[PDB]
């Protein structure tokens with residue numbers, strides 16, 4: 001399924017993912033596209049921050065859902 | 001230096017480490033105490049998951065810091 005990620009500049013990228021993918025997996029995908037290591041990423045959906053160990057489906061993230069990427073400020 | 005690890009039960013153990021130890025090395029030490037292979041561990045410090053690749057020092061982990069062990073599901 002396709003989901004969208006709003007990047008640090010407001011631009012939106014498209015990713016192919018699976019409902020069973022973990023948030024950690026998604027962060028790796030974002031690293032590949034954006035060059036931000038997972039430990040520096042905060043991912044936000046529906047106004048809340050997602051935790052690593054959950055699956056996308058655990059958060060009810062569906063086709064064409066949008067996540068927001070935020071850079072951690074206090075380091076890794 | 002001594003750090004602490006909260007284990008899957010909530011019980012806290014001590015590990016002997018050095019600031020230059022990598023997270024992968026730390027997972028190895030935890031495997032020796034807890035019997036959970038490194039590729040099934042998630043380690044959390046200060047509310048965030050630590051990456052293989054980095055040293056304890058890279059995360060400003062110090063003496064008496066507490067790491068949290070979580071089982072990958």
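Cβ atoms are placed via backbone N, Cα and C, with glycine included.
Here's what Swiss-Prot has on this protein:
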type     : residues : note
CROSSLNK : A:6      : ubiquitin cross-link
CROSSLNK : A:11     : ubiquitin cross-link
CROSSLNK : A:27     : ubiquitin cross-link
CROSSLNK : A:29     : ubiquitin cross-link
CROSSLNK : A:33     : ubiquitin cross-link
CROSSLNK : A:48     : ubiquitin cross-link
CROSSLNK : A:63     : ubiquitin cross-link
MOD_RES  : A:65     : phosphoserine
MOD_RES  : A:66     : (Microbial infection) ADP-ribosylthreonine
MOD_RES  : A:76     : ADP-ribosylglycine
SITE     : A:54     : site 'Interacts with activating enzyme'
SITE     : A:68     : site 'Essential for function'
SITE     : A:72     : site 'Interacts with activating enzyme'
CB within-chain contacts under 8 A for residue A:29 (ubiquitin cross-link), separation at least 6: A:15, A:17
Recorded positions: A:27, A:63, A:72 - member with fewest neighbouring CB atoms within 10 Å: A:63
Those residues of the chain, 6+ apart, with a Cβ under 8 Å from that of residue A:54 (site 'Interacts with activating enzyme'): A:22, A:23
Nearest of the recorded positions (A:6, A:11, A:33, A:72, A:76) to residue A:66 ((Microbial infection) ADP-ribosylthreonine), judged by Cα-Cα distance: A:6
Pairwise CA distance, residue A:68 (site 'Essential for function') versus residue A:27 (ubiquitin cross-link), rounded so that it is a whole Å: 11
Within reach of chain B, those recorded positions of A:29, A:66, A:68, A:76, CB-CB under 8 Å: A:76
Neighbourhood of residue A:76 (ADP-ribosylglycine), C-beta criterion under 8 angstroms, separation at least six: A:37, A:39, A:40
Residue from A:6, A:11, A:27, A:65 whose C-alpha is spatially nearest that of residue A:72 (site 'Interacts with activating enzyme'), among the recorded positions: A:27
Pairwise Cα distance for residue A:63 (ubiquitin cross-link)/residue A:6 (ubiquitin cross-link) [Å, integer]: 15
Lowest local Cβ density among A:65, A:66, which the record lists as modified residues, within 10 Å: A:66
Recorded sites compared (A:6, A:48) - the one with the fewest other Cβ atoms within 10 Å: A:48
Site of maximum Cβ density within 10 Å, from recorded positions A:11, A:33, A:68: A:68
